[PDB]
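Take a look at this one chain, the form deposited in one PDB entry, written out in structure tokens.
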């Protein structure tokens, strides 16, 4: 049996290295990573790889790893795929812990926009979790945390994190992580996966996929929202992605909204993440 070396970037930024048989399907590697992480509530998560065009792709657990990575290295990241709308209802604190780590990266990367005050508040809960109670021995007037909190750090952001950290005395890591999640879940882009596209007139839009449904970000004004029940069907053909929307009651026929993606693979990628979001959050 010939085995291939796999490298996985974990949500703490560490590397996990393991072997799988070269013909292995994605589920084999995922199960090894989740066992390494002591994770039981696994199906919120997944593995990503970067394709020949440098796009993020989800590793399909039903398909051979080699038929997905194809010409690329067997290098993956462990990520949240399906962001729970109500993290309090997760059964395990370790699940919430990994979800916090993902959201911290979503924030630092700028995928999850966040006000100044909420950046500082989330940062303060992270510090309480990682370091425990505020200690003025480590923190002077000139303190800057090792923790990345934001896409752009400023001294006043660092100061606000400390001021808020002082308020959290006695809070345990699990408590701080639950407060982090109860704040982060309210952000308008929480768990929204964004895809570049053009509308039927050729205007550049972003299509957002999340638990609640589909979002069409045309500009700061005119955000179109389709809750999953309103979405009758989704399809792709060539570089085109199509959403069928149910008619109001007493309407005869569903409406079709068409989008142009950069290429055929971007259209398939969007269709699949939409189907998967429909599939796991039809149930959950």
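Positions refer to the first chain, counted from 1. Rigid core: the largest C-alpha set superposing within 1.5 Å between the two forms.
Chemist: Would you mind working out which of 142 to 150 and 124 to 132 sits farther from this form in 9 other deposited structures of this protein by RMS C-alpha distance, with the rigid core as the fit?
Modeler: Between the two stretches, 142 to 150 moves farther in 9 other deposited structures of this protein.
Chemist: On a core superposition, give the stretch, 189 to 197 or 133 to 141, with the larger average C-alpha separation from this form in 9 other deposited structures of this protein (RMS over structures and residues).
Modeler: Relative to the shown form, the greater RMS C-alpha distance in 9 other deposited structures of this protein belongs to 133 to 141.
Chemist: Look up the CA B-factors in the entry and say which stretch, 146 to 154 or 122 to 130, has the higher mean.
Modeler: Mean CA B-factor is higher for 146 to 154.
Chemist: When the C-alpha temperature factors are averaged for each of 216 to 224 and 35 to 43, which stretch ends up with the higher value in the entry?
Modeler: Per the PDB entry, the higher value belongs to 216 to 224.
Chemist: Out of 252, 68, 48, 27, which residue has the highest Cα temperature factor in the PDB record?
Modeler: Most elevated C-alpha B-factor of the set, per the entry: 252.
Chemist: Specify which of 93, 204, 175, 163 carries the largest Cα B factor in the deposited PDB entry.
Modeler: Going by the entry's C-alpha B-factors, 204 comes out highest.
Chemist: Compared with the other modelled residues in the chain, in which third is the CA B-factor of residue 140?
Modeler: For residue 140, the deposited C-alpha B-factor lands in the highest third.
Chemist: Looking at the C-alpha B-factor of residue 8, is it in the lowest, middle or highest third of its chain?
Modeler: It belongs to the lowest third of the chain when residues are ordered by C-alpha B-factor.
Chemist: Ranking every modelled residue in this chain by its Cα temperature factor as given in the entry, which third contains residue 199?
Modeler: Highest third - that is where residue 199 ends up once the chain's C-alpha B-factors are sorted.
Chemist: According to the PDB entry, is the CA B factor of residue 241 in the bottom, middle or top third of its chain, that is, lowest, middle or highest?
Modeler: Middle third of the chain for residue 241's C-alpha B-factor.
Chemist: Among the chain's modelled residues, which third holds the C-alpha B-factor of residue 229?
Modeler: Its C-alpha B-factor, which the entry lists for residue 229, ranks in the highest third among residues of this chain.
Although not depicted, the form solved in complex with a small molecule is the subject of the following passage.
Chemist: I need to confirm a contact call. Of 154, 188, 167, 200, which residue comes within 4.5 Å of the small molecule in the bound PDB entry, counting heavy atoms only?
Modeler: Partner contact (heavy atom, 4.5 Å) among the options: 188.
Chemist: Run the contact test on 3, 18 and 32 with a 4.5 Å heavy atom cut-off to the small molecule in the bound PDB entry and return yes or no.
Modeler: Checking in the bound PDB entry: none of 3, 18 and 32 is within 4.5 Å of the small molecule.
Chemist: Answer yes if any heavy atom of residue 162 is within 4.5 Å of a heavy atom of the small molecule in the bound PDB entry; otherwise answer no.
Modeler: Outside the cut-off, so no.
Chemist: Check residue 226 for me: does it contact the small molecule in the bound PDB entry (non-hydrogen atoms, 4.5 angstroms)?
Modeler: Answer yes; at least one heavy atom of residue 226 falls within 4.5 Å of the small molecule in the bound PDB entry.
Chemist: Just to confirm, residue 192 within 4.5 Å of the small molecule in the bound PDB entry by heavy atoms?
Modeler: Within the cut-off, so yes.
Chemist: Taking any heavy atom pair closer than or equal to 4.5 Å as contact, tell me whether residue 215 reaches the small molecule in the bound PDB entry.
Modeler: Result yes; residue 215 sits at the interface with the small molecule in the bound PDB entry.
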